[PDB]
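*Asks:* Sequence first, structure after, both from an experimental entry:
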Amino acid sequence: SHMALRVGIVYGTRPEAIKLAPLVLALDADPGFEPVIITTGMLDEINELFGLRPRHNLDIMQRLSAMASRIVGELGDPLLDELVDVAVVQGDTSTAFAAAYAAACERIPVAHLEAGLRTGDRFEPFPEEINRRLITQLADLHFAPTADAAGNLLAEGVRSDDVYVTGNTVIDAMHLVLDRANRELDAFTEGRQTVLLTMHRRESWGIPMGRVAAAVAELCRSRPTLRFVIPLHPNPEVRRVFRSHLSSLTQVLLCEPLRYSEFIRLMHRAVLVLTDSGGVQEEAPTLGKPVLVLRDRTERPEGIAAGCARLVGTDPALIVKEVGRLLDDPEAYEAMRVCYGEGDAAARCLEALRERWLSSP
Amino acid sequence: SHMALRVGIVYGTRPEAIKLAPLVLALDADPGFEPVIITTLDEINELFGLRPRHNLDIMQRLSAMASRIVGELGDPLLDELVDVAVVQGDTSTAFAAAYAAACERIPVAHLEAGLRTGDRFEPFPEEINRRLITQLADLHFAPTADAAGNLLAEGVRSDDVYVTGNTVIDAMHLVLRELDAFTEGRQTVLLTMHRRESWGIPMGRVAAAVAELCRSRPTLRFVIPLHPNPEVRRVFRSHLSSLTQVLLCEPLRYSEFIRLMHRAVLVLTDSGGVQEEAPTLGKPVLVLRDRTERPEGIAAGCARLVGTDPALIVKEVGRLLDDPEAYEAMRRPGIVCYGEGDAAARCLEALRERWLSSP
Amino acid sequence: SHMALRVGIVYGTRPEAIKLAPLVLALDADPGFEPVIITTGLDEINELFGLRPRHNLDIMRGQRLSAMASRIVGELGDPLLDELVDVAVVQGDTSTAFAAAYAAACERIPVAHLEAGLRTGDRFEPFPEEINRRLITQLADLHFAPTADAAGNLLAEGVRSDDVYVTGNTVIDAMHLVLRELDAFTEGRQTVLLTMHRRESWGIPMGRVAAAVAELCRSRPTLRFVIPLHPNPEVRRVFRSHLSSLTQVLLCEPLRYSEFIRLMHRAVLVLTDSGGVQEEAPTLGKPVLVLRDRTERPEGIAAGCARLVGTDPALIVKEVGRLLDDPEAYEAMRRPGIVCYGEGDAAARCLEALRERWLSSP
Amino acid sequence: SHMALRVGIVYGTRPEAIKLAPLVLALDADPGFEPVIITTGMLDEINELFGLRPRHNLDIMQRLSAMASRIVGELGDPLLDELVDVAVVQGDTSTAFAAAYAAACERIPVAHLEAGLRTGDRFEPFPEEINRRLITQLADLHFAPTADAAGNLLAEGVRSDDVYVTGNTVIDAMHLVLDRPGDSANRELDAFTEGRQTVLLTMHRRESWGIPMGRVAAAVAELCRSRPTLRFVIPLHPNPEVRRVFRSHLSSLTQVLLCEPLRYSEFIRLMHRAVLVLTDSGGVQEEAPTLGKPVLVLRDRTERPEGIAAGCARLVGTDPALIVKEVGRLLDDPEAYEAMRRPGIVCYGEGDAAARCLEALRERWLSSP
Ligand SMILES: O=c1ccn([C@@H]2O[C@H](COP(=O)(O)OP(=O)(O)O[C@H]3O[C@H](CO)[C@@H](O)[C@H](O)[C@H]3O)[C@@H](O)[C@H]2O)c(=O)[nH]1
Ligand SMILES: O=c1ccn([C@@H]2O[C@H](COP(=O)(O)OP(=O)(O)O[C@H]3O[C@H](CO)[C@@H](O)[C@H](O)[C@H]3O)[C@@H](O)[C@H]2O)c(=O)[nH]1
Ligand SMILES: O=c1ccn([C@@H]2O[C@H](COP(=O)(O)OP(=O)(O)O[C@H]3O[C@H](CO)[C@@H](O)[C@H](O)[C@H]3O)[C@@H](O)[C@H]2O)c(=O)[nH]1
Ligand SMILES: O=c1ccn([C@@H]2O[C@H](COP(=O)(O)OP(=O)(O)O[C@H]3O[C@H](CO)[C@@H](O)[C@H](O)[C@H]3O)[C@@H](O)[C@H]2O)c(=O)[nH]1
Ligand code: NA
Ligand code: NA
Ligand code: NA
Ligand code: NA
């Protein structure tokens, strides 16, 4: 019956759910807080695995203006009905931005989980890069995964007292599933060098993804003992490009999206990871897996500077060369093996929330 | 199978539900009547065993809300074959529902009729709501002789006014672990504060008075169940959340709230209902307003106005904790302000006399 | 360019328009004020007095009271805010007057009530007009009472004396402003003017009144009646089916206000259930027989200007006979010199009350 | 038939229309550009005076979330239908924010007129202070009125090449009406002010409604009682609550002329005749010093710190004793008066801001390497 700080948790996507799950679990266990989940949008599967129970699903997530209009227009009512005291948004989504704005309209304070990631390339990608900069102005409190991300927030006028370097909750999430099976994946990878590849970014759809698929095909032809596992993003155009280039190759296992527990176990077994995923750039180095990044830019410069990760873009010759170097030269491999925190990020977020909103002078 | 007088019961809020619950229970138990509940709260419904036949999901601009109730309440009143409609208190629901009932020529009774400050449109719209309901209602259940006098001054005929007392006393009587652990062996002040006209700075001054009293009196405790509004929660939380002597609470179930009030040494409130409940438990009340609709407790010395002046609140709480003669002067037995706890039965007999009789 | 008090004027019916017209004209002429008309429902009355509505809400019509009141409460706020209304005036006893007063109160726009304090003392009779007056009375900051009796009714409902002004009735102002087939029909004959519209008298009671007209016509070959019919098909049908063959009765369409007042001036007496005609007819020295069991104009009853006759055909025949046959009974129902309902300066008295309340500082 | 850069101009209010009008006129006159006006929201009167012709009026206007939702949802269609290339928004309005976002959603680049004004008080006022910081992240180009405002933009991570110190277009707007004596005349205002010391007062901010405005009105009443020769002209913001507070405190005082909103030409002429100006208006803080009129600011904070630092303006809040004292000092002591008009500093620009905006637009969007 003691007053709990009621913390709104608003997300629409898998990566948001994975990164918020450890914060939800910490808020649930602590008697000083009550998490209240509102979804805007694979997700049931993540909710089941971590035991997340949404109070409300807005069935909103299509033109960007129409989607943002609906969230700005409609999120206020459930936030008020659920007596939310403070709202947490995560990452770079149009949900995170529109929900932060909707919360601000009701004078509900906002906290941003995973604050301060920047490429320095204006509107690239769109709208994610501008979403971060808008959320940054709306948020009272910022949970930065790294010192570099905290620096980016100060350069946009955020006061140092509003910034906590908590590390990234994705490390917490990884640790939760590492201390907890898939027959077909085990049978396919057992006793083989397996490359794990994920690729989903809209700016790479069609021809650039086709080049990456051609690089995979070439590596498979040249290296009969090499295997690839490619869990496919749930978009029909992404599935069609990989399927049409690779479905006949016995050395490639094209997969449905994997449950996070199975995905992390697979990543642990992989010899290296090719990805355009932000989260996988954080997860893979933590498991000592070299990462080749299928983009021209990254929001994770820490991995680049430490030699954990290299940019490879969608150039098939460079991908073939760089994967070859790592498989053939054990010194190049070892040169690519904490950037993103220790796995206590949820507890550091909780203590920042308690200090800001459960304290009086 | 004998004809029952079907009594519409319309409310949208906790205070209405608490005050109507004893009337609903009396109507349910009496074979001459059938209560029909329409809402415009689940926890209060569960506690008293109230089962709404219809929930209109209406409760935003005042004009839009009143428009919806006037427009939409008629259909469920007609569908449920309501004979007579009861509304309670001062809400825009009570006013708009009384009007919607009048439009269908359904006679209206007003529970807790005739409370006045004498300050026009203060608060708005509650003060005007009472005066509009007063003209719409055929029958008025006044809690006190003073309230009956206010009805006569607005042209209500004496035969349409019954001094029933307040059903909140009935409600208290019906309901009579972390809270126990926090209060056991300590002087505990119970504080509630919710009025829109006190939001922000005035509530901040009251919270500062609490902080000062806590610093000066290490043995003093406060329990503050917070009104479910984020701005109210924010002011108390930001002023008091670090003070070990203050337990900030979620809204309490009515049974738990009344038990806490019984254990408290005194009550600070801007609540109308708590001004009626606290004196009935012999707890001195300091009223966190510049006006009250409960002048009876003021006149009898049960209650004193303190407003949102932190110096006056500190002084007045100090007087009661330090001077046992000042304390006893606010509990003197013998004078009954708000009724005996038989208000539901007196309402039922007024309903039977008016609408279950023939000349 | 000096600030004007912007006065909302809200009405939906002929009687409201007639009684508000002199106040609108006074507000228009005075530089301290700007009238803003919003209608809920009349072109003919607007043309005659030069009233120009800024907004017509197309709300009124066969419609439920709750649906109409819901629409006015819901929708009148927007034009009141858009037109920057400072204060709102409503008139009389209509559901428009009540719902508009409430809509204005919701936007914290102060309300004034023109023709405040009329009471029968019969609860919900008629419905909803009697309750509308008592609701408007609680909502209004300022009350323009036509008579001392009406002011007394307001004090008995808890209104402070400082909020009540005895202005008289603006219908006298309206009459004074307006002061061929009808001429051809009435020339050389004693003509009774009859109007009857009240919903509580529809069907059988109106049929009894029509039978009384028929009986008077049969017994008095020289007597004529002119009956302008309220625009309701049921009212038209009852009079038409009882009287359309009688050469002594002219059933009429509603008359323009100027023509109606001229006809009333020519009439020997008036039979009506109209509130306004009970005020207009005595001012022209015409005895009034009131086709109701109650009146909100007790002043005319007490002064002998008017008598209640209800819908009893024997009583109507008797009372009309007495007035036509006995010039002493006729003269007893005329009081030239003395005024029941005001002097025809009610608009100016309203304006000065508005200036005192809302265009003054301590 | 040569391609013009089609520049969307979106506003809903008088202050926006006044500050955008000189940019619209410069875009209209230059053959390289075509202004396209879309309104969201007194305004006809400003449109007539400057010859602004809106292509679309949205009639949106109420809860902030509902209004912002409607602009984000519905402004895209007219922007696309009118083939807008670039969008300009002005100031701190929820229209400016929601329109900038709606433009960004259609990949229409945004320029912000009057960029970089800051109090340093988070969410004060709400939502204007956050609107500026959101527009700042959305806009590709920023027209800062002062070097101080440009400094505030760089501290929020704006690249120097995206910030131009143009000055404030309100000075351009003033200059456009100063040249028009015939249109600036008003019989009743002339009769009231001719041969008298006249104080001009405007006050509209929501955070001052009710009690604070009442204190300001009491200060006016006290100054009037103490100084029988003093006059006040108070054009009232079109809000019934604002009108009621001034009317109920001042309507009987022959020394106070309460007015309907004045046409901008007449308002600037009145300000030129006034001995001093009391205001919570942003624009009047910029206009008054340009006419050499000391300004007392009826707020606890300002986004025009330049006028405070240069001694052109002083914060007076809504404290009636301080207002009476400060107005008294300026009327009674010609040295105190002259200290608030000292020459040697131009705070808000020279009245060439529209031309500097145009040249920034051409360099950014009408150039190839
Ligand atoms: O079959 C799969 C594939 C991936 N993952 C997990 O999914 C996450 C990443 O999902 P993805 O859709 O690839 O999104 P990201 O690109 O990682 O995330 C973007 O969106 C996030 C939310 O806005 C931001 O935090 C990031 O910075 C941004 O890169 C990682 O934790 C993976 O382990 C699975 O569980 N199963
Ligand atoms: O944590 C809490 C706090 C209060 N209460 C009860 O809630 C009621 C008071 O509710 P509150 O929201 O404070 O409203 P009031 O101020 O009491 O009531 C207003 O509204 C009522 C309905 O219109 C009117 O009868 C009153 O005169 C008017 O003051 C009382 O019965 C309390 O015992 C609880 O059960 N739990
Ligand atoms: O052909 C006709 C008949 C009547 N009238 C005039 O119409 C008005 C009366 O209209 P009516 O429809 O009879 O309404 P009333 O019964 O007079 O008015 C009711 O409605 C008004 C507004 O609510 C209240 O002021 C009254 O007290 C109430 O009785 C009077 O001024 C008449 O002179 C005409 O102009 N032409
Ligand atoms: O009767 C009058 C009174 C004022 N004005 C003019 O109106 C403008 C002021 O408008 P106002 O409504 O007082 O708004 P401001 O407070 O000046 O403007 C706010 O809103 C603008 C748009 O977001 C921002 O540029 C400003 O920083 C912000 O302070 C000025 O140019 C005045 O000269 C008139 O034309 N007539
Ligand atoms: Na918890
Ligand atoms: Na029963
Ligand atoms: Na006028
Ligand atoms: Na041009």
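*Replies:* That came in fine, so what should we check first? Residues are numbered from 1 along each chain as shown, chains lettered A, B, ... in the order given. Ligands and ions are numbered 1, 2, ... in the order given.

*Asks:* Up against chain D, what does chain A have?
*Replies:* Chain A comes close to chain D at residues A:63-66, A:68-70, A:72-74, A:76, A:101-102, A:104-107, A:122, A:126-127, A:130, A:133-134, A:136-138, A:152, A:155-157, as judged by CB under 8 Å from any CB of the partner chain. In short, each C-beta sits where N, CA and C put it, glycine included.

*Asks:* which of these are buried?
*Replies:* Among the residues of chain A next to chain D, the ones that count as buried by 16 or more other CB atoms under 10 Å in any protein chain shown are A:64-65, A:68-70, A:72-74, A:76, A:101-102, A:104-106, A:127, A:130, A:133-134, A:136-138, A:152, A:156-157.

*Asks:* So which of these sit within helices?
*Replies:* Counting by DSSP state H, these place A:64-65, A:68-70, A:72-74, A:76, A:101-102, A:104-105, A:130, A:133-134, A:136-138, A:152 in helices.

*Asks:* Please parse chain A into its domains.
*Replies:* Per curated CATH domains, the structural domains of chain A span A:1-180+A:341-361, A:181-340.

*Asks:* deepest of the ones you listed, which one?
*Replies:* Across these, averaging neighbours per residue (mean count of other CB atoms under 10 Å in any protein chain shown) puts domain A:1-180+A:341-361 on top, at a mean of 20.

*Asks:* what about it, near ligand 1?
*Replies:* Yes. Contact between domain A:1-180+A:341-361 and ligand 1 is present through A:14, A:15, A:16, A:18, A:19, A:91, A:92, A:93, A:114, A:117, A:170 (criterion: CB under 6 Å from any ligand atom).

*Asks:* now, the most widely separated pair of the residues you listed?
*Replies:* Across the residues of domain A:1-180+A:341-361 next to ligand 1, no pair lies farther apart than A:14 and A:117, at 17.7 Å, counting by CB to CB.

*Asks:* Report all helices and strands that the helix or strand hosting residue A:184 contacts.
*Replies:* Residue A:184 is part of helix A:183-189, with elements assigned from DSSP states H and E. Other elements packing on helix A:183-189 under the criterion 3 or more CB pairs under 8 Å, 6 or more residues apart in numbering or on different chains; DSSP states H and E are strand A:227-231, strand A:252-255, helix A:260-269.

*Asks:* Pull up the pairing partners for the second one, direction included.
*Replies:* For strand A:252-255, the paired strands and their directions (DSSP bridges) are strand A:227-231 (parallel).

*Asks:* how far is the partner strand from where the chain is centred?
*Replies:* On the basis of CA atoms, centre = their mean, to the nearest Å, strand A:227-231 sits 19 Å off its chain's mean C-alpha point.

*Asks:* Within range of chain B, give me the residues from chain A.
*Replies:* Counting by CB under 8 Å from any CB, chain A sits next to chain B at A:1-5, A:80, A:83-85, A:106-108, A:357-361.

*Asks:* Report the contact partners of residue A:237.
*Replies:* A:205, A:206 (CB atoms under 8 Å, 6 or more residues apart in numbering or on different chains).

*Asks:* and the helix or strand hosting it, is it in reach of ligand 1?
*Replies:* Element membership for residue A:237 (DSSP H and E) is helix A:236-246. No. On the criterion CB under 6 Å from any ligand atom, helix A:236-246 is out of touch with ligand 1, staying 10.9 Å away.

*Asks:* Could you tell me the angle between that helix and strand A:227-231?
*Replies:* 160 degrees (axes from the mean of the first three to the mean of the last three CA atoms, to 10 degrees).

*Asks:* distance between the ends of stretch A:276-296?
*Replies:* 10 Å (CA to CA, to the nearest Å).

*Asks:* how far does it sit from the chain's center?
*Replies:* Worked out by CA atoms, centre = their mean, stretch A:276-296 lies 11 Å from the chain centre.

*Asks:* hmm, that stretch touching ligand 1?
*Replies:* Yes. Counting by CB under 6 Å from any ligand atom, ligand 1 is contacted by stretch A:276-296 at A:277, A:278, A:279, A:280, A:283.

*Asks:* Nearest to ligand 7 among those residues?
*Replies:* Nearest to ligand 7 among those is residue A:278, at 67.3 Å by CB to the ion.
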